[PDB]
Amino acid sequence: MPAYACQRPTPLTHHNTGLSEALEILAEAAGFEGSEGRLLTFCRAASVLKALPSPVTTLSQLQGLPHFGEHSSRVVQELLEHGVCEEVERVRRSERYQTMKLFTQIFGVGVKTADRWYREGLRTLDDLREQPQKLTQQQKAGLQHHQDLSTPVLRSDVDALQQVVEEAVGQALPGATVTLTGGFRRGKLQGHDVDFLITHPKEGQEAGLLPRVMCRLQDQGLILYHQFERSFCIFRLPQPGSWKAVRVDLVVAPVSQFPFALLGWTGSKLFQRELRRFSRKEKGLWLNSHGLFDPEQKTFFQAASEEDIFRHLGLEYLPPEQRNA
DNA sequence: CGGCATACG
DNA sequence: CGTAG
DNA sequence: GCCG
Ligand SMILES: [Cl-]
Ligand SMILES: [Cl-]
Ligand SMILES: [Mn+2]
Ligand SMILES: [Mn+2]
Ligand SMILES: [Mn+2]
Ligand SMILES: [Mn+2]
Ligand code: NA
């Protein structure tokens, strides 16, 4: 088992679901306390289990697996022995974990804001609504639409949104394309949002495109909230005799950068962090969603496809459905 | 022990 | 500070 | 929390 998640296929569904979910609780809780190092280890350990070809049934099978030390192995051991890990359950029912989870899940609220609110004694969404003066417009939108935003987005929703986004993109710039990215491109059947990447085959023509797209969507009455090259919106999506709010991300990239932006926005989050860590520490190259930089020769790699980027990095190609780290 | 990805709004 | 993957 |  390779040590980096970008070195191994990770499918969406796998054979160690309960074990990975428990480790991801501890990863999430570490993040709520500001321990990014422990978050990463628990995240990576969970991902290793997702990449295994069969269920872990005995502690023996953890020997030699990367990112499994005393702590993560003890968690697995207790789940194998008793069906439950005391530490995980303690986190699950803790007021701290439940409130930080509820607060951080609000669009516009991060760990730092949630932690300050928790220390001030706030615990519920209605606690936040009673004092709008402290909220940002982004937070007021996140709380107003929180219920809809907690409802899964389905594939049917995605196809309708894509058609509507394409319509506005086509008027903003004939020839521009819209590509579905994010978790749906990795094969997920549901999601908490929809991600689109927009480009144009003639380098430079995409300049200034996103404001034109947004104004067109705004004039169609489809934008419940919006704030450039990245736009984090809340869309009004038709429903049976009504509608629901849906988070939509729109991103523009010139065609020269499109493979890097496609790679980055297709995820997963852990996959991209591991890919960038691998790039820098193993290959000495600096990777982001704009390009891949050789800091010795001071040159950018030209890529025409995601396949090109994997080749540049000496990695076997992984389709999006195997990037579910 | 130091590192832990790297951007934009 | 928030956002993204 | 784990790796190198
Ligand atoms: Cl840490
Ligand atoms: Cl970037
Ligand atoms: Mn026991
Ligand atoms: Mn997404
Ligand atoms: Mn840019
Ligand atoms: Mn998104
Ligand atoms: Na949030």
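Labels below follow one simple rule: chain letters A, B, ... track the order of the sequence lines, proteins then strands, and each chain is numbered from 1. Note: hydrogens, waters and symmetry copies are ignored here, and every other heavy atom, side chains too, is used.
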- Query: If you measure from the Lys or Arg side-chain nitrogens to the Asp or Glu carboxylate oxygens, is any gap between A:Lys112 and A:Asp115 under 4.0 Å?
  - Reply: no
- Nucleotide of D:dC3, C:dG2, B:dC4 approaching A:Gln138 most closely (side-chain heavy atoms): C:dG2
- Task: Could you check how far CD of A:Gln105 sits from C1' of C:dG2, rounded to whole Å?
- Result: 16 Å
- Query: Under 4.0 angstrom, heavy atoms only, what part of the nucleic acid is A:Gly110 near: base, sugar-phosphate, or nothing?
  - Reply: sugar-phosphate
- From A:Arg323, A:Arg44, A:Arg8, A:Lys269, residue fulfilling side chain to side chain donor-acceptor pair (under 3.5 Å) relative to A:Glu274: A:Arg44
- What does A:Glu229 touch in the nucleic acid at a heavy-atom separation under 4.0 angstrom: a base, only the sugar-phosphate, or nothing? sugar-phosphate
- Between A:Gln105 and A:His146, do the side chains contain an N or O donor and an N or O acceptor separated by less than 3.5 Å? no
- Query: With sugar-phosphate meaning primed atoms plus P, OP1 and OP2, does A:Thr113 contact a base, only sugar-phosphate, or nothing at under 4.0 Å between heavy atoms?
  - Reply: sugar-phosphate
- Query: Reckon A:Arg247 has a side-chain N or O less than 4.0 Å from the OP1 or OP2 of C:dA4?
  - Reply: yes
- Going by modelled atom types, is there a donor-acceptor pair between the base of B:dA7 and the side chain of A:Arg230 at under 3.5 Å? yes
- Query: For A:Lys101, which residues count as a salt bridge (charged side-chain N to carboxylate O under 4.0 Å, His left out) partner, sequence neighbours excluded?
  - Reply: A:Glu28
- Message: In whole Å, I'd like the distance from the CD atom of A:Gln139 to the P atom of C:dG2.
- Response: 8 Å
- Task: Identify whether any heavy atom of A:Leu287 sits under 4.0 Å from a base atom; if not, whether one sits that close to sugar-phosphate; answer base, sugar-phosphate or nothing.
- Result: sugar-phosphate
- Atom pair distance, as rounded to whole Å: CZ in A:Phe228 and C1' in B:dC8: 12 Å
- d(CD, A:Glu36; P, B:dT6) in whole Å: 14 Å
- Message: At less than 4.0 Å, is any side-chain N or O atom of A:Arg276 found next to OP1 or OP2 of B:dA5? Yes or no.
- Response: no
- Under 4.0 Å between any heavy atoms, over every strand shown, what does A:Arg277 touch: base, sugar-phosphate, or nothing? Just pick one. sugar-phosphate
- Message: Please report the distance, rounded to the nearest Å, between CZ in A:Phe278 and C1' in D:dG4.
- Response: 15 Å
- Separation of B:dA5 atom P from A:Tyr4 atom OH, nearest Å, is 10 Å
- Which listed nucleotide (C:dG5, D:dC3, B:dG9) is nearest to the side chain of A:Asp195? C:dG5
- Report the distance from atom CG of A:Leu262 to atom P of C:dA4, rounded to the nearest whole Å. 18 Å
- Item | Residue whose closest nucleotide on DNA chain D lies nearer the 5' end, A:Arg44 versus A:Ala3 | A:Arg44
- Query: So which one's nearest nucleotide on DNA chain B is more toward 5', A:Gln272 or A:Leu210?
  - Reply: A:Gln272
- Message: Would you say NE2 of A:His15 has more than 12 non-hydrogen atoms from neighbouring residues, nucleotides or ligands within 6.0 angstrom?
- Response: yes
- Message: Between A:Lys269 and B:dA5, is there a contact of a side-chain N or O with OP1 or OP2 at under 4.0 Å?
- Response: no
- Think A:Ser231 has a side-chain N or O under 4.0 angstrom from the OP1 or OP2 of B:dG9? no
- Message: Can you tell me how the ring of A:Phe293 sits relative to the ring of A:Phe300, calling it parallel under 30°, perpendicular over 60° and tilted otherwise?
- Response: tilted
- Item | Contact nearer the 5' end of DNA chain D, comparing A:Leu40 with A:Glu282 | A:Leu40
- Message: Is A:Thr41 close enough to B:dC4 that one of its side-chain N or O atoms is under 4.0 Å from OP1 or OP2 there?
- Response: no
- Pairwise P distance for B:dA5 and D:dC3, with rounding to whole Å: 16 Å
- Hey, does A:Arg186 reach any base, or is it just sugar-phosphate, or nothing, if we go heavy atoms under 4.0 Å? sugar-phosphate
- Within less than 4.0 Å of OP1 or OP2 of B:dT6, is there a side-chain N or O belonging to A:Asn288? no
- How long is the line joining CG of A:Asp249 and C1' of B:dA7, in whole Å? 14 Å
- Message: Using the side-chain heavy atoms of A:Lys281, tell me which of these nucleotides is nearest: B:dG3, D:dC3, C:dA4.
- Response: B:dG3
- Message: On the nucleotide D:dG1, are OP1 or OP2 found under 4.0 Å from the side-chain N or O atoms that A:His71 carries?
- Response: yes
- Task: Could you pull out the closest heavy-atom pair between A:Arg93 and A:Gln98, with the gap in Å?
- Result: CA-OE1, 3.2 Å
